[PDB]
Amino acid sequence: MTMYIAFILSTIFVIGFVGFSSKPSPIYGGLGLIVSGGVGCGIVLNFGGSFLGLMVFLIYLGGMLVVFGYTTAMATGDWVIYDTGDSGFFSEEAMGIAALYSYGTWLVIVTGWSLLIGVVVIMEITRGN
Amino acid sequence: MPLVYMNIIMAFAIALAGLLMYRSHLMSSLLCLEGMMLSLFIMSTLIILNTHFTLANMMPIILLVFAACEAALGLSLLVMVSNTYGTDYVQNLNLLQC
Amino acid sequence: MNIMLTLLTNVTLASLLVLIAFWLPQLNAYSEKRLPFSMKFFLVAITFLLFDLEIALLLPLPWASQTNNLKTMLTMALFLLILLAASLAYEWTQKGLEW
Amino acid sequence: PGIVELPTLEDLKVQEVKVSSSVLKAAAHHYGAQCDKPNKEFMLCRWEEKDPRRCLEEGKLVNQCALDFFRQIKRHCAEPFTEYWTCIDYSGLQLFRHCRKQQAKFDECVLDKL
Amino acid sequence: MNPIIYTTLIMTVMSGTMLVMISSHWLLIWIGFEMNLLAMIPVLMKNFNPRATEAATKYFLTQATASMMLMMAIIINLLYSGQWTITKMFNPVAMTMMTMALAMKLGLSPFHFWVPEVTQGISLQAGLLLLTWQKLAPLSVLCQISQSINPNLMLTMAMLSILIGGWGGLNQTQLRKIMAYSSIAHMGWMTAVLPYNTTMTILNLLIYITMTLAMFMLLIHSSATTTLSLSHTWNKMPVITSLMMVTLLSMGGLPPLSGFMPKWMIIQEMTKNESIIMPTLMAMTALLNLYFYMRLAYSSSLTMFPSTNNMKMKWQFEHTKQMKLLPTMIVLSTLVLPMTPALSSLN
Amino acid sequence: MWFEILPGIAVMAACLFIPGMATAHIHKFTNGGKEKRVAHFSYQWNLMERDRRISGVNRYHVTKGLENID
Amino acid sequence: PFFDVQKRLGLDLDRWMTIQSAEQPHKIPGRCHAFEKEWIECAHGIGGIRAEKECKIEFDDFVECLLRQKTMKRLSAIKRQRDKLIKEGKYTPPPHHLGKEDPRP
Amino acid sequence: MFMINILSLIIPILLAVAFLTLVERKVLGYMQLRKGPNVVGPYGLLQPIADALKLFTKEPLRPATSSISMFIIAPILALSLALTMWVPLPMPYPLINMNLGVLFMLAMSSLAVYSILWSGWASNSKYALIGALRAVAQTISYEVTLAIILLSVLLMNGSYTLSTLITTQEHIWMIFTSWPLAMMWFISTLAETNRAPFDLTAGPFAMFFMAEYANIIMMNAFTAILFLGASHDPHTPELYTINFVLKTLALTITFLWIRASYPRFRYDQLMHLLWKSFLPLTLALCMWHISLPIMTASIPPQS
Amino acid sequence: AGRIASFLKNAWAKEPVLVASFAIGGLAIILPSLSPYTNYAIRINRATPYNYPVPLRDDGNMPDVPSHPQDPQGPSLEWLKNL
Amino acid sequence: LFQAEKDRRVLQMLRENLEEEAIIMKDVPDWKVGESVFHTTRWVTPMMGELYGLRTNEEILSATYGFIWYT
Ligand SMILES: CCCCCCCCCCCCCCCCC[C@@H](O)O[C@H](CO[C@H](O)CCCCCCCCCCCCCCC)COP(=O)(O)OCC[N+](C)(C)C
Ligand SMILES: CCCCCCCC/C=C\CCCCCCCC(=O)O[C@H](COC(=O)CCCCCCC/C=C/CCCCCCCC)COP(=O)(O)OCCN
């Protein structure tokens, strides 16, 4: 037991949320949120969620917080609850995620329509006049 | 219920409280919302992976997508508010009073 | 462990070599003597964010190709790409990609 | 709410198969061809009983069948099997496709002998 | 905006509400709420001005916070029971957080503060849509999970909503703020009967929606957003003022008007469950809503306020656009008391 | 002439030769003269764990041959 | 409120994702498949109220599988007593728990 | 011996980057009827060492008003990401064998823009901030099409594992299967690293320079692995290493050639290029490459 | 007839990228429904054994279920070898 | 063969843990050695902490994070 590494990861996550929850100098708040997102991604990756952790680290960090900082720039215990068996010759996470195209037709339809409406709504809101 | 889930929920509560404080900078409001969705993603992912709910692996991605879309909308709104005042201060939105 | 050690090594080497670069010329003594907020640049970032979300949706495609329900997955993947193209076309025709 | 029963340490003693995964992969096709009946009985009992404690004898039977299979290989086709599993062991993926020649030697040897 | 875009956004709002209403999976309910939230924002900003932008951003903030709380409640429920179906909540305060999220979505006290501001900022059509259609989905979810709710918290927030609406309506000269406080009080009346009978909640919702539609269409026809601006309507359209006064009396809960039907039934239902004090207090507090309705009626049609000279020119023109459903809405919000037992249709 | 560019390029080539080759040699030295075993999919990991236990020296690379079947 | 379109039309829009034991891809089982199966079978058609009073055993077993509070409590008690005896000095773990066992395939 | 492996990966890349500058100057000079540095050293071989020593012994001009925190952090992030993105690559065997290696590289490349943002915002100047905003917008714009092209190409590989790309191209290169995607990928990699014709924008400056040049070399190496598959024999990986290094050197020299051969775009011109020529073609070819294995019953194995 | 050809000829000039993209997308939509190898791909996906084949308990009334893998009855993969 | 070996190893580890619990809990008044926490008598797959709870830290780290940390 590496002194319950997940415990330290969770504590650092909470410390980061406390750090930018005071909201000092919103770029410093954003950087604290970047560190917190990195810590949470590390938590998910260490748990075993490689694909979902990489989704966090790519989408969240590289797109959403990047756009946040861009707009701001324009302005002024463990190891016990786990399993025993194996997964086969694949990862169950990848199979469940890829099931979105064979099982989740309804989810794909609603999410795609929502994203298209989001694009249209953004255009209308940012039209100005 | 292990301590990690409690830590994540405490993080979410801290983010929500910080959103409710409103020192200034509505951008910080959006930041608090995004911290809240990040905590939601992390804890939902941990719960789903742990119980081996294979079809539930869909849900976090969906959540992320939708939440990020919301952020975009919020950012747009912020710009227009700033586009009227030049700054994103909360107290500038005092025109409407109960 | 190995990935953590590799990241730690890379960060440590970069930090040490930056510090020595920043401190070697500091041992010798020398003289030691706005608003505009363009709106198109915001639309570029927002469009990038939306298209990145749709890419996130598209990502599980390499594993989606082994499901035995090939017709349905092909239909849904083509549907997602069609709506991505439709978003691009709508933003194009509404003068959203101009300078 | 009750006491869980576990078999004694003596009931779990069996002559174990002490060959590595490379040897097992090299012999796997003929092993499945020859040891099908005890393996199928064990797996049927395992999926129907849903209990490790109710399928202990069948594990001993499948171990015995594997040991007999390897004993026949050792008596008749030890050397070509040795080169075949050494080749399989070298590869980091343990791919069959890199030394079809050693596989052909081993397969013709076992076909001629047994 | 482009009429095609407006039609698409309205259809997206309605499709989000229908997705909430027809789905049995919590994630699909959250997705429907997200879709409705996304498509509602431009509708509030059809007329571009800083007031509408402020109202839209306030609404977006409140609704996004409510959605985050809803997701947290869903995830805690999943943690304590691996269920996604919308059923009994299966857990402690996870239900409390679900109730808080739905209360913020509906505008119940103590989360009532955003309703008057958003209603004042937006125009009359946007206010009509906001105060009528945006209540169906959260109320549907609450009706689905009604057996889970703790009666103490729900009844406390309902009584708070009634009290706050009654008191806050007394101080208003703007018509939109009056409508917002009326909505808050009516939602308070609606959610106090959820622990006992959801059919009564739905009946109150139908009656309130009819009355609100009639009131907003009458306000749009005589395009006034202020008490004094409304006081000039008699010099042009006295029949509009008379219909408005009758509708206001109906919204006050006076028998034999239609608006008396819900409260009556609700009170009746609450007496079957050995509850007396709360129905009494609710009636005595709705007296305040009646008072400010009656003040508006005094300023509208029972007295004739001074007019202006240019009004004469307005005498020579007729409304080009006519609302077809306005006559029906008035009759349904005024004269449907004798058809009360039809509530057995499980409306 | 143009071949005077070749020296520096050669240096680059040598610098780009070192990493990959090095890894291979290390993979030969740490994994007992064979290719390093890759473990995705959690079944190859089980195979490696079984190999580690059988050897008795707590190393997956050591291979127990038929000679150990008696 | 709830308009059960899926049952009227037989569409199955989102019922496939509601429970762990409903046709996972590649027949991958949930961690608590048996407990959830038992609890669902017991409570089918009984209704929520009678279901809540009468299927309490199966639901308690399902929750124990999901969160394992009792198992961790028992393990922690055993470990605490072991630590107490090993600090007092009257207990010595066998080589099996010290790393000196003979591992088996 | 994992520390030795990390060091033997990390040091030769830096040496390669130092010598790349000499090659870039030398290659360009001979392309312009002149020579590169040929005085400092036998053939300019000592020029990078003299450059490094002079840059490290030159005074650093700290803005005297900037945030020292981010001013120091930005080069750290740049170097860390540049050196980290080499870990996943298999030459033939990777330092770290990742299941989702390509996705990891995508995430790192997505992070790469924070250094630009922080350098611009800590520069304490409106004009440098405007330039940084332009650079960040261009980078995110082109990484969109990078990601789409990358997943379209990987649809024939069967996974995100980088090693499997060697097995996929054992008989034929990937360039023949899809050359248009390779063309757009090459242009997108040119535009990502702010290289001509897209180059619109003492110690820390050298740090950023080494980070950019290491990113250039890594991008060329990744392109060579992705589209020009080298045959790997398990019993002698040196042949694969030699072939991979030769192809990477050829691609880097091709970048130098393109820099030497063309004028530069305007900002709006490259924006239009991407958003109105690459994205539609990228989406169409993504649809084509989704449907193609299903039409031809040629789906890759791994799942 | 003539108007469509004129429009395509005008689009092939000064807008070739859009013409190529639309053609490729339309072909990607249309072709899979006409190819005969999509069923082959589905069958290939069906024949990939990811799980252990759990044996069936024999009752003497399954003439189509083999008792051993070498028995002739059961699904065959000769067609896949021929591919 | 792997399934049989897995079942045998898991059962043998559980037997060792039961023996150690019987030795340790001999003085605790209300303890019942090897008492199930479930009402059902059906076999339940043991957790990782049920097998490795009393064992040493290094092999706990192995069984928990070896596959995740193997690169
Ligand atoms: C009947 C109502 C029609 C009018 C009302 C429309 C209401 C809103 C529009 C959305 C409803 C469309 C119906 C789609 C429901 C999904 C379920 C159904 O389609 O079956 C699927 C069949 O998939 C079909 O391919 C669906 C194709 C239709 C979707 C493509 C276009 C959708 C656009 C609809 C509106 C979206 C926005 C507007 C775009 C113009 C499931 O596939 P299946 O293989 O059986 O089972 C998989 C499970 N397995 C693996 C265990 C076997
Ligand atoms: C449902 C099918 C989808 C699948 C294929 C498409 C996938 C991706 C392609 C679409 C991406 C989005 C494209 C957005 C289109 C916007 C068009 C537009 O508005 O631009 C017009 C120009 O667009 C047009 O020219 C109108 C249509 C032109 C032809 C479009 C294709 C129509 C059919 C052609 C091919 C038909 C099938 C192929 C057969 C050809 C023979 C092999 C103005 O250009 P500017 O840049 O503003 O110029 C100003 C500076 N001078």
Side-chain angles (χ1 to χ4, degrees), chain A residues 95 98-117 120, chain B residues 55, chain C residues 51 64 67-99, chain E residues 8 11-12 14-16 18-19 22-23 28 32 35, chain G residues 5-6 8-17 22-27, chain H residues 148 268-269 271-273 275-288 290-291, chain I residues 4-30 42 45:
Chain A
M95 293 307 104
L100 171 75
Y101 300 94
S102 66
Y103 278 79
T105 293
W106 191 231
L107 271 182
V108 170
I109 291 178
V110 296
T111 316
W113 181 249
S114 296
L115 288 178
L116 185 58
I117 298 299
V120 170
Chain B
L55 276 178
Chain C
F51 279 64
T67 53
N68 297 295
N69 189 359
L70 277 189
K71 282 175 181 33
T72 304
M73 61 79 70
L74 185 59
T75 300
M76 302 318 314
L78 289 184
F79 167 86
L80 272 183
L81 269 163
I82 288 298
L83 268 70
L84 179 58
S87 303
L88 172 64
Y90 177 84
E91 183 178 1
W92 190 333
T93 65
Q94 295 298 289
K95 300 289 94 176
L97 300 177
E98 294 294 328
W99 295 90
Chain E
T8 293
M11 293 177 71
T12 307
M14 289 165 77
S15 313
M18 295 298 102
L19 187 64
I22 72 169
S23 69
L28 276 298
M35 182 180 285
Chain G
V5 170
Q6 310 182 31
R8 178 57 179 278
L9 302 181
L11 285 174
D12 177 27
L13 291 179
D14 50 44
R15 284 161 83 241
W16 49 273
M17 209 183 149
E23 182 93 2
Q24 307 302 295
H26 286 324
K27 308 301 183 178
Chain H
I148 302 180
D268 71 322
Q269 300 192 303
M271 284 294 132
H272 170 282
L273 174 65
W275 290 102
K276 302 188 175 185
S277 302
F278 277 11
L279 206 48
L281 265 169
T282 308
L283 298 185
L285 286 164
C286 190
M287 293 177 70
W288 175 252
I290 291 182
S291 290
Chain I
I4 289 289
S6 304
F7 177 90
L8 276 296
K9 184 178 184 293
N10 197 253
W12 189 229
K14 92 184 73 173
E15 294 294 328
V17 169
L18 286 191
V19 170
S21 66
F22 275 109
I24 294 173
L27 269 174
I29 291 169
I30 293 313
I42 294 178
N45 271 340

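In what follows, chains are A, B, ... by sequence order, proteins preceding strands, each numbered from 1. Only heavy atoms go into these numbers, but all of them, side chains included; no hydrogens, no water, no symmetry mates. Whatever order the structure lists them in is the order used to number ligands and atoms, beginning at 1.
Shown here for I/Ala20 and H/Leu281, the closest heavy-atom pair between the two residues is CB-CD2, 4.5 Å. Shown here for I/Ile24 and H/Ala284, the closest heavy-atom pair between the two residues is CG2-O, 3.5 Å.
Close contacts of ligand 2 with C/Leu88, meaning ligand atoms under 4.0 Å from a residue heavy atom, involve 11 (C), 12 (C). The ligand atoms of ligand 2 that sit less than 4.0 angstrom from a heavy atom of I/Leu8 are 34 (C), 35 (C), 36 (C). The contact set between ligand 2 and I/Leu18, taken as ligand atoms under 4.0 Å from a residue heavy atom, comprises 17 (C), 23 (O).
For the residues H/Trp288, C/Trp92, I/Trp12, H/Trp275, the heavy atom positioned nearest atom 15 (C) of ligand 2 is part of C/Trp92.
Under the 4.0 Å distance rule, the nearest protein heavy atom to atom 8 (C) of ligand 2 falls inside the cut-off. Closer than 4.0 Å to atom 12 (C) of ligand 2 lies at least one heavy atom of the protein. Distance screen at 4.0 Å: atom 23 (O) of ligand 2 has a protein heavy-atom neighbour inside the cut-off. For atom 30 (C) of ligand 2, the nearest protein heavy atom lies closer than 4.0 Å. Distance check on atom 48 (O) of ligand 2: every protein heavy atom falls at or beyond the 4.0 Å cut-off.
With rounding to the nearest 0.5 angstrom, the OG1 atom of H/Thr282 is 13.0 Å from the CE atom of H/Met287. Annotation: the span from C/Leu70 atom CG to A/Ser102 atom OG amounts to 10.0 Å, rounded to 0.5 Å. Annotation: the span from H/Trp275 atom CH2 to C/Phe51 atom CZ amounts to 5.5 Å, rounded to 0.5 Å. Interatomic distance, OH of A/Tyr101 versus OG1 of C/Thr67, reported as 11.5 Å (0.5 Å rounding). With rounding to the nearest 0.5 angstrom, the CE atom of C/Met73 is 9.0 Å from the CG atom of C/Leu78. For the atom pair CE (C/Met76) and CZ (C/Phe79), the distance works out to 5.5 Å, reported to the nearest 0.5 Å.
Contact annotation: for I/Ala11 versus ligand 2, heavy atoms closer than 4.0 Å belong to the side chain alone. Contacts of C/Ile82 with ligand 2, taken as heavy-atom pairs under 4.0 Å, involve the side chain alone. Contacts with ligand 2 closer than 4.0 Å are made by no heavy atom of H/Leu279, backbone or side chain.
Side-chain contact between I/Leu18 and H/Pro280: present, with at least one pair of heavy atoms (C-beta onward) separated by less than 4.5 Å.
Ligand 2 does not have H/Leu281 within reach: every non-hydrogen atom of the residue lies 4.0 Å or more from it.
G/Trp16 and A/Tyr103 have tilted rings, their planes meeting at an angle from 30° to 60° on a 0 to 90° scale.
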Tabulating one pair per line, provide the atom names and distances (0.1 Å) for every N/O atom of ligand 1 that is less than 3.5 Å from a protein N/O atom.
from, atom 1, to, atom 2, distance (Å)
ligand 1, 44 (O), C/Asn69, ND2, 2.6
ligand 1, 44 (O), C/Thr72, OG1, 3.4

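For the pair C/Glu91 (side chain) and C/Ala89 (backbone), a donor-acceptor distance under 3.5 Å is absent. Of the possible polar contacts, one joining the G/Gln24 side chain to the B/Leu55 backbone as a donor-acceptor pair under 3.5 Å is found.
In terms of protein heavy-atom proximity, atom 39 (C) of ligand 2 is nearest to I/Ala23 CB, 4.1 Å.
With respect to I/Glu15 and H/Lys276, no salt bridge is recorded, no charged nitrogen being found less than 4.0 Å from a carboxylate O.
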